[PDB]
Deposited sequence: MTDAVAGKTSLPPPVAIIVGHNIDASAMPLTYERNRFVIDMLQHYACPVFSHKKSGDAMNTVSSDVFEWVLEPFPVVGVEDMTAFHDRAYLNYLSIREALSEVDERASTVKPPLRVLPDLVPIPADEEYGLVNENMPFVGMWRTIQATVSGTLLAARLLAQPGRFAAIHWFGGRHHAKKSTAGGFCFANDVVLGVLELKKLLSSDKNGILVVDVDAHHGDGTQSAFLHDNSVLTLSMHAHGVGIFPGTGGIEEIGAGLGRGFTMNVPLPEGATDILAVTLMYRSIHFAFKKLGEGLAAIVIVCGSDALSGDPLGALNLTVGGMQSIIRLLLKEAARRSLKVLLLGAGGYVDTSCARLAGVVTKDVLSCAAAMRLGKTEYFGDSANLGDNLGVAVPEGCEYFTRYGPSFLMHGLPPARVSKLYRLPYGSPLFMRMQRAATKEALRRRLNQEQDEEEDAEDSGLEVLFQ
């Protein structure tokens, strides 16, 4: 049997890096190596019974690996768009291309402007998430972790919210087709600060994939959808869930409501639940410039521990993806603690334990967990260098619903 956790990294961690968050993958991997992995192992020279640090081999993906969800014409356009105009010169890495009229049909405008390397970035993202799903489906595999995925806004034939191809959807479809067609129900829990509208759209009529999105909601809050009334259509009625939070919501609101929503989702799927897909965006954390919430690291950690605890107890499968997150240190902090929770969870399972998080600090009550001094980016975690440290709140904190 393989190690129960697969961590999908690759040889080039910048391959999937997006223009606005170009260094973020580096912060995240740095924190995994120094915070999450050491206690579970003895970086290509690491030995572990708990996790596998996956650098090879990433599948080569093209248009035909994305047509399971996306329109072929849209994908063909993405595949050749960088040949269709010049770099706009009127000095950021991966710079924007000159816009052309054919971009408009597909939403490849504004935040979704084409840029050099776009198709290579899309390929690396989809490749990693498809590899994660394939390794997860293997016997003995508890979890697969691809922090570089999570492009949850992309729709069948349109880009949106910095997302071109929806690897969340493609990963759901790939994992489902490799699970026993007796028991292959999927729960997708999206705790990025914005509505998971692309994933929702893909499964709106579907009663075998339950999409649950927590997000800020209100005037001026992208993408403007995801009210409580969106519950799905047709056979999918009841299998779409949204928890729209008021701008600035804190843990007491988000954690409480999500605990209730997750438990209801567990009841809705019952014994057909085979896997939980987690879309973990750190832009819901306080201090984020583009998210509009005030969750803490321990708050997000606690929501996800509920999902980990359930999949561990019932011997299910967990696919963990990233998403948004526009403070690099906050992204790495959250990825470090969530990954360590998954590792501690998987190790406890193999030892037949019933406590799953004994080897990973709960930041909700351990308020002194240090950022490891060995981190390459250690000096960026000031002024206090603790794993729960967040920037000051950008929007005022809300503890009660209006």
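Stretches of the deposited sequence absent from the structure, as judged by C-alpha coordinates, are 1-10, 53-58, 107-113, 426-467.
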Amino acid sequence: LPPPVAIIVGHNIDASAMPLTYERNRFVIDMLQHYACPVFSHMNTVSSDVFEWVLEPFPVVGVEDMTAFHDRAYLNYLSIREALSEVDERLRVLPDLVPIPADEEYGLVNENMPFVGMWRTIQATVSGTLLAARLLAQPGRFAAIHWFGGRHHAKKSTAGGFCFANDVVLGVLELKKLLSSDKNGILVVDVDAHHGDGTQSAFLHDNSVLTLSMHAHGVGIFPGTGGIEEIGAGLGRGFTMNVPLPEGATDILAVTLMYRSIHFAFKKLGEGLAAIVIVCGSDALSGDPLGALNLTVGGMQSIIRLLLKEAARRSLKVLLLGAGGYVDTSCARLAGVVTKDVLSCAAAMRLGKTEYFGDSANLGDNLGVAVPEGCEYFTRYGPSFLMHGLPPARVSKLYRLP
From here on, numbers count along this sequence of modelled residues.
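Stretches 257-265 and 280-288 differ in mean CA B factor, with 257-265 having the higher one. As listed in the deposited structure, the average C-alpha B-factor of 225-233 and of 132-140 is greater for 132-140.
Between the residues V297, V327, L179, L320, the entry's highest C-alpha temperature factor is the one at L179.
Across the options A36, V371, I29, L55, the residue with the most elevated CA B-factor in the record is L55. Ranked within its chain, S315 lands in the highest third, by CA B factor from the PDB record. Sorting the modelled residues of the chain by their CA temperature factor places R24 in the lowest third.
The PDB entry assigns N184 a C-alpha temperature factor belonging to the highest third of its chain's modelled residues. In this PDB entry, the Cα temperature factor of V337 sits in the bottom third of its chain's modelled residues, the lowest group. In this PDB entry, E89 carries a Cα temperature factor that places it within the highest third of its chain's modelled residues.
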